[PDB]
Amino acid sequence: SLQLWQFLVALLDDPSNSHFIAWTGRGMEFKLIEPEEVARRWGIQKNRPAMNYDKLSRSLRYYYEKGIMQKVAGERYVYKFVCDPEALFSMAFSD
């Protein structure tokens, strides 16, 4: 019963996943080094074996409207977590 942003926060945390997903170090900026593996892993997690990066990125793109995160434009596969009071309350509650 995991949300995508929560699933990524978990993978991102340990450096055992440094080869496919990691923090840029420029704040909450994070890049999906190997997007199809991040996609593969999200798929096994939700038992959606059809998961690829085009589907996973739509769900990340839905996070733009939620205020939780936004694209780090100009840097391929790099996204960032929005650090504002609206996003803190969006992440400290679910339906």
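The first residue of the shown sequence is 1; numbering continues from there.
> Ranking the modelled residues of this chain by C-alpha B-factor as given in the entry, is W23 in the lowest, middle or highest third?
As the PDB entry reports it, the C-alpha B-factor of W23 lands in the highest third of its chain.
> Could you tell me which third, lowest, middle or highest, the C-alpha B-factor of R61 occupies within its chain?
According to the entry, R61 has a C-alpha B-factor in the chain's lowest third.
> Comparing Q45 with the other modelled residues of its chain, is its CA B-factor in the lowest, middle or highest third?
Middle third.
> Would you check the entry's CA temperature factor for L12 and let me know if it's in the chain's lowest, middle or highest third?
Tercile = middle for this residue's CA B-factor.
> Thinking about Cα B factors across the chain, which third does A87 belong to?
CA B-factor rank for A87: lowest third.
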